[PDB]
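S.K.: Just the starting chains for now, same placement as in the complex:
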Amino acid sequence: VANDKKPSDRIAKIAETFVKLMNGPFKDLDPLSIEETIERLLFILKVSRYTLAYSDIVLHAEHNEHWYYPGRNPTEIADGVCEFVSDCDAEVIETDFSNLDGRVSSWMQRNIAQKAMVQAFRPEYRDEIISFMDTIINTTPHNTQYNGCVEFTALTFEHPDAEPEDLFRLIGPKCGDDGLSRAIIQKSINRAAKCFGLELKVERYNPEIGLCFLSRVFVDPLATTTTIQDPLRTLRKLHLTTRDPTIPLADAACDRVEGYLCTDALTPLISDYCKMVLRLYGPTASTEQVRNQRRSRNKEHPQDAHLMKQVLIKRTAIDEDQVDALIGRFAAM
């Protein structure tokens, strides 16, 4: 659903200041060769060749590590999240956007992303990048840029008397559709989204139900960095498999449970399901080398185990006796 909601006059100066702060000290850049882009990490290649270099140079710089979390290993993500929650003393807010790529306006697209790319890249490459942006208007970096712009707008609205550089220095971790911010702008974020024309969903941090971030649940971010898959999103749908019909059910289930072990080995109410899938569909599945040579293969802390159990129970609103009964039923099947 395309939208053409231009922002107000005042917000334009805030957006320009945010873009300039994003530029930082990297005035000049050069495009990457086709071979280097191909070995990095059709239609994706032509934009990737420039966008990967732009991200790696500007968005992964010294003065842009405060907010651009997108682009780091999951261990690095967990470390950053724990550091941010320690800094904010467990006072953080979560942002959940609905169809951001389908809702970003033309003015935002042509005044944030296009401006940033043109300022980052060399003048001799202006035509190619502008043509690529025009083709885009009619991937990953766009969401991060939108999140950074919205964070800058919120910070500018919260403290209009501070210098833009100091305001932007407080930008918390942001990664695409998910991000973190101070809880003091919980109500003012909705007005900023309305001014830009975006829809924002915000939820106050609650230790009883855990914290939601990148479909990951932090059981107790104050002390431990233990983290698990989001139970709210996956439990209601994990019993149904959305793989293509051509794949046997056993191979898809095996890949799903292998990923779950790789990410959620010691999570209550999921380990039992994964083990029962491995016990039932496991022997009936095909050879694992066969599925490793098949395209659809990629189409999918012990100390606080008690606390993780209680946090999962709080997340799923299931009584402990009910949880034990469910665990017994799952294991005995």
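M.R.: Done, it's in. Numbers count the residues shown, from 1 in each chain, chains lettered A, B, ... in the order given.

S.K.: contacts and neighbour counts: CA atoms only from here.
M.R.: Fine.

S.K.: What is the longest helix of chain A by residue count?
M.R.: For chain A, the longest helix by residue count, based on DSSP state H, is helix A:140-158.

S.K.: Give me the buried positions along that one.
M.R.: A:141-157 (16 or more other CA atoms under 10 Å).

S.K.: after it comes which helix or strand?
M.R.: helix A:164-168 (DSSP states H and E).

S.K.: Show me what that following helix is packed against.
M.R.: helix A:9-23, helix A:140-158 (3 or more CA pairs under 8 Å, 6 or more residues apart in numbering; DSSP states H and E).

S.K.: any residues touching it, and which ones?
M.R.: A:17, A:18, A:21, A:152, A:155, A:156, A:159 (CA atoms under 8 Å, 6 or more residues apart in numbering).

S.K.: 10 Å instead, please
M.R.: A:14, A:17-18, A:20-22, A:24, A:64, A:66-67, A:148, A:151-156, A:158-162 (CA atoms under 10 Å, 6 or more residues apart in numbering).

S.K.: After that helix, which helix or strand is next?
M.R.: Where DSSP H and E defines the elements, the next helix or strand beyond helix A:164-168 is strand A:174-175.

S.K.: Centre of the chain to that next one, how far?
M.R.: In terms of CA atoms, centre = their mean, to the nearest Å, the centre of strand A:174-175 is found 6 Å from the chain centre.

S.K.: Quick one: the strands in chain A, in order.
M.R.: Remark: strands assigned in chain A by DSSP state E are A:92-97, A:174-175, A:178-182, A:200-204, A:211-213, A:216-218, A:227-229.

S.K.: Only C-alpha atoms, please: export the longest helix of chain A in PDB.
M.R.: Extracted in PDB, the C-alpha atoms of helix A:140-158 (Å, rounded to 0.1, in the frame of the first residue of the first chain):
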ATOM      1  CA  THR A 140      18.000  -4.700   4.800                       C
ATOM      2  CA  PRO A 141      19.600  -1.200   4.900                       C
ATOM      3  CA  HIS A 142      16.300   0.600   4.300                       C
ATOM      4  CA  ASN A 143      14.700  -0.700   7.400                       C
ATOM      5  CA  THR A 144      17.700   0.200   9.500                       C
ATOM      6  CA  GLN A 145      17.700   3.700   8.000                       C
ATOM      7  CA  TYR A 146      14.000   4.200   8.700                       C
ATOM      8  CA  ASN A 147      14.500   3.000  12.300                       C
ATOM      9  CA  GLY A 148      17.400   5.400  12.800                       C
ATOM     10  CA  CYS A 149      15.400   8.300  11.300                       C
ATOM     11  CA  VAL A 150      12.400   7.600  13.600                       C
ATOM     12  CA  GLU A 151      14.800   7.300  16.600                       C
ATOM     13  CA  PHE A 152      16.400  10.700  15.600                       C
ATOM     14  CA  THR A 153      12.900  12.200  15.300                       C
ATOM     15  CA  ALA A 154      11.800  11.000  18.700                       C
ATOM     16  CA  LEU A 155      15.100  12.200  20.300                       C
ATOM     17  CA  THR A 156      14.700  15.600  18.600                       C
ATOM     18  CA  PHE A 157      11.100  15.900  19.800                       C
ATOM     19  CA  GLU A 158      12.100  14.900  23.400                       C
END
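
S.K.: slot chain B in:
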Amino acid sequence: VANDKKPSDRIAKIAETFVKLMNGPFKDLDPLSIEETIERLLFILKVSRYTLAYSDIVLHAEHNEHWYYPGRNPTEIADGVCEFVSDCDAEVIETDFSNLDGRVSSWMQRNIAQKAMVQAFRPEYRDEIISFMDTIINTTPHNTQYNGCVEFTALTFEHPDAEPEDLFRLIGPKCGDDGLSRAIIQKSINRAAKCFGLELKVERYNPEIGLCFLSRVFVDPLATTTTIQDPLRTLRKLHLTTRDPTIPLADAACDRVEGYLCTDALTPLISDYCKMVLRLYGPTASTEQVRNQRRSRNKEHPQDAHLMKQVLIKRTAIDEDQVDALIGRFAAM
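M.R.: Okay, here's chain B dropped in alongside the others:
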């Protein structure tokens, strides 16, 4: 809720006379250096650097100690309150303002606080102070200035034929949202607040229910200076803790009860609650050094014990037999 209720023509002369009396003999002043302001006692610093010096120089002078109680130790506050009640022979009135910083009008802000600051500080610093005031319009000293202005207006309305200096010499203790005044202007204070456009709440002093001041209750100000936390405000809410979710309940309760011991050790119906909190949450709480190294740590006369007990009972409107039953129930839990 911003308001633009300018005062009447006559009140302007009263306000100017009050401002001049506030100026007193301190015509010239100088700003404080950044280092001195930092070691005194971002956004707070830029205004504090001037306002702390202005308060210390003018508001803490010989001829401005009659009303500016704000800025002294609690022992000094108790001594001042007892002296004032002895002077007024237990005939005093209390003022309780609702959202004064959210209700002071533009005319009041630009004709009391701005005028006082400009007259106090040196001419060469006029631009900086005026810019800071303009930023403020669109902390502690403002409330005291508003209270002093309202007291001066009430005194001027009560005795319009006396000299302004003699009128202002009768200004009683005032501290932000709380203050003391003569009971003879109990009814005329409402009209003065209406003229300025402010809302005032006044209550006649009653020895049976004690006197309310700075959330402190004077059990018998006529003879003893013994004082306790306000029971009306805290008893109905002390059972619920408003700390952030990241802190364990035990640490917050321990800090609350430690503060209560530091201020209300021998107060009936609160000592028992504090001791029971220390007995229950105490052992289950974390290390006290850990909470001393944690940010959220600061986010919280035996002779007249009988009289204090009776004054607390009168304040809480609870029968003595009912009080004894409640005390027994609290201790035995």
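
S.K.: ok chain B is in now, so what about the contacts of helix A:164-168?
M.R.: Under the criterion CA atoms under 10 Å, 6 or more residues apart in numbering or on different chains, residues A:14, A:17-18, A:20-22, A:24, A:64, A:66-67, A:148, A:151-156, A:158-162, B:42 lie in contact with helix A:164-168.

S.K.: Find the nearest non-adjacent residue to the residue in the stretch 101-250 of chain A that chain B sits nearest to, please.
M.R.: Nearest to chain B in the stretch 101-250 of chain A, going by CA to the nearest CA, is residue A:207, at a distance of 6.0 Å. Closest residue to residue A:207 apart from its sequence neighbours, by CA to CA, 6 or more residues apart in numbering or on different chains: residue B:245 at 6.0 Å.

S.K.: which residues touch the residue in chain A that chain B sits nearest to?
M.R.: Going by CA to the nearest CA, chain B is nearest to residue A:90 of chain A, at 5.2 Å. Residue A:90 sits next to A:82, A:84, A:182-183, A:205-207, A:211, A:220-222, B:244-247 when contact means CA under 10 Å, 6+ apart.

S.K.: Can I have the buried ones of the residues you listed as a ChimeraX selection?
M.R.: The ChimeraX selection below is limited to those of the contacts of residue A:90 classed as buried (16 or more other CA atoms under 10 Å in any protein chain shown):
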select /A:82,84,182,183,205,206,207,211,220,221,222 /B:244,246,247
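
S.K.: from the contacts of residue A:90, which is closest to residue B:196?
M.R.: Closest approach to residue B:196 among the contacts of residue A:90 (CA to CA): residue A:183, at 36.3 Å.

S.K.: isn't that closest one right up against residue A:91?
M.R.: Yes. With contacts counted by CA atoms under 10 Å, residue A:183 reaches residue A:91, the gap being 6.0 Å.

S.K.: anything in contact with each of these two?
M.R.: A:204, A:205.

S.K.: how far is stretch A:110-118 from where the chain is centred?
M.R.: Centroid displacement of stretch A:110-118 relative to its chain, using CA atoms, centre = their mean, is 21 Å.

S.K.: how long is it end to end?
M.R.: Taking CA to CA, to the nearest Å as the measure, stretch A:110-118 stretches 11 Å from start to finish.

S.K.: residues in the stretch 51-200 of chain A within reach of chain B, list them.
M.R.: A:85-91, A:159-163, A:166 (CA under 10 Å from any CA of the partner chain).

S.K.: Put this one in as chain C:
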Amino acid sequence: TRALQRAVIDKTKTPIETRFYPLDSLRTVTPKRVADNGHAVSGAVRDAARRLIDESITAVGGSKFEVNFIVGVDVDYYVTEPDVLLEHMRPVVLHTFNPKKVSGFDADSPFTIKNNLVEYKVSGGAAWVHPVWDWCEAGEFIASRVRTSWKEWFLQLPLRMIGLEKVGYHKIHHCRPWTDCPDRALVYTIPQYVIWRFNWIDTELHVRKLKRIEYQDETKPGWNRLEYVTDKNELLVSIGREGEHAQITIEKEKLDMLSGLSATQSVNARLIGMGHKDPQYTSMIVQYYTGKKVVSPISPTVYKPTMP
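M.R.: One more chain to add, chain C, which I have set with the ones above:
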């Protein structure tokens, strides 16, 4: 011509900013009505204006040079020309009389215009007979002389013989804050800089010098004409016979469509067509159309006593 480039090279500009903090408190101020009910009085309006300017000057922290920085209230008569006030090149604030009506009742003091001078007759105070110096016309930049000692006058004598002059520039604003007294305005000024100007060369910015207004209409002798702007982007015209009380306010468009008619009967028919039925309006319109001249008499007037 080359005179343009010559003058441009001859800049001799010396801008000065003596910590003249902008009086933003006075600027962008919501209009207010001084009187609680009925209508105000000249004393009340003057007191309110004095209070406003005084509190503004107190907030800004600066001083003033009150004349019975620079401040003047209803001193149009006391000041022969505004150039004497502007020559100091200092901020100047005035509470003057720049009416939007040719005549009628000003505040509580009736007034009328004879010749190009205002026959102002205050209810309490001496009657004033002074012109108006074209304050609220289009433009923000003004040209005015600068104070110079007689010794400096002699020094420049050889220099002024060619036609050189020292000219100051200022910025303008007024507010018209009182709805009950729209004929009065709160002028605001800000000096900019000083330069040297050749007499026989033009200026790009069309800077004007304050001049006496010419209310009389050469096409309609014995009548005074005037027109102003309205909140709703409407251009209204006020007309009336000179030295006489009556006046009427009408849209310039309707007056234009009326003026070119040939028959007074046609004029009356057109007026009837627009729904205007008040004889006091249509009769005056016809009188202006026909340019009827009447020798209004001079009669004694009996005013009220001031009720302080």
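
S.K.: so, the contacts of helix A:164-168 revisited with chain C in the model?
M.R.: For helix A:164-168, contacts defined as CA under 10 Å, 6+ apart pick out A:14, A:17-18, A:20-22, A:24, A:64, A:66-67, A:148, A:151-156, A:158-162, B:42.

S.K.: For that helix, buried residues please.
M.R.: Buried-residue list, helix A:164-168, by 16+ other CA under 10 Å: A:164, A:167, A:168.

S.K.: next one: stretch A:208-222
M.R.: A:208, A:209, A:210, A:211, A:212, A:213, A:217, A:218, A:219, A:220, A:221, A:222.

S.K.: go on, stretch C:136-143?
M.R.: Residues C:140, C:141, C:142, C:143 are the ones in stretch C:136-143 that count as buried (16+ other CA under 10 Å).

S.K.: Likewise for stretch C:122-140?
M.R.: C:122, C:123, C:124, C:128, C:130, C:131, C:132, C:133, C:135, C:140.

S.K.: ok, so of these, who is nearest chain B?
M.R.: The closest of the buried residues of stretch C:122-140 to chain B turns out to be residue C:124 (CA to the nearest CA; 20.6 Å).

S.K.: Give me the secondary structure label for the closest one.
M.R.: Under DSSP: H, G, I helix; E, B strand; the rest coil, residue C:124 falls in the coil class.

S.K.: how about the strands of the stretch 151-300 of chain C, start to end?
M.R.: Counting by DSSP state E, counting those that start in this stretch, the stretch 151-300 of chain C has strands at residues C:164-173, C:184-198, C:223-229, C:235-241, C:248-251.

S.K.: okay, the ones you listed, which one's buried deepest?
M.R.: Mean neighbours per residue, mean count of other CA atoms under 10 Å in any protein chain shown, is largest over these for strand C:235-241, with a mean of 22.

S.K.: by contact count, what packs against it?
M.R.: On a contact count with 3 or more CA pairs under 10 Å, 6 or more residues apart in numbering or on different chains; DSSP states H and E, strand C:235-241 meets strand C:109-114, strand C:223-229, strand C:248-251, helix C:252-259, helix C:279-290.

S.K.: And these: which comes nearest chain B?
M.R.: Closest to chain B of the helices and strands packed on strand C:235-241, according to CA to the nearest CA: strand C:109-114, at 22.5 Å.

S.K.: Which single residue in chain C comes nearest to chain B?
M.R.: Residue nearest to chain B within chain C: residue C:59 (5.9 Å; CA to the nearest CA).
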